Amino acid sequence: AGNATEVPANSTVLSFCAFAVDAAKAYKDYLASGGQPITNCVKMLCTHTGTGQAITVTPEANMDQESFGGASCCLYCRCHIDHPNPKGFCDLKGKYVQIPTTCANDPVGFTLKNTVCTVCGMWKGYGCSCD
C-alpha cells in the first residue's frame, strides 16, 4: 500500500539528516566525508530563455541555469523535518528554483548555502546585479 517517493541511493543521507540536530550542518559534513549529493530531484525541461530569477512561479532558467521543482531542492522538504523560518513554512515548495549549471549536480546543497537577493531576485554571487 502506498507509493514510493525515494530511491536507495538517498537512504543513508536522508536518514542521517532526518535525525540530525543541525540538518544543514549534517548535509555539509556528509558531503565533506565523501557522500554523494541527494539525487532524485525534480529537474525541468524548459526553453532556457527565462528571466534567471532564483525562485519563480514557472520555470525561468536562463542559459546559465537549470530549473528544478522547489520542494525537491529543499533539504527540509526532502527529509520531512522542520523548516528554519519563524513560522516553519518553506520558501521553495510551490515554486521553481533556478540553479547555476555549475552547481546543478547538488541543488540541495546549493540552496542550503546560498541566499536570494531581495532587491533584484537573483542569487547573491550567481546573478545578483546589486553590489
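Throughout, we count residues from 1 along the sequence that is shown. What we label the rigid core is the largest C-alpha set whose atoms superpose within 1.5 Å from one form to the other.
When the other structures are laid on the shown form by the core, the C-alphas of 93 to 101 and 29 to 37 differ in how far they drift in 8 other deposited structures of this protein; the larger average drift belongs to 29 to 37.
On average the C-alpha atoms of 79 to 87 have higher B-factors than those of the other stretch, with 45 to 53 and 79 to 87 being the two compared. When the two stretches 9 to 17 and 117 to 125 are set side by side, the higher mean Cα temperature factor goes to 117 to 125. In the deposited entry, the Cα temperature factor of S67 sits in the bottom third of values across the chain's modelled residues. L31 sits in the highest third of its chain by CA B factor, as recorded in the PDB entry.
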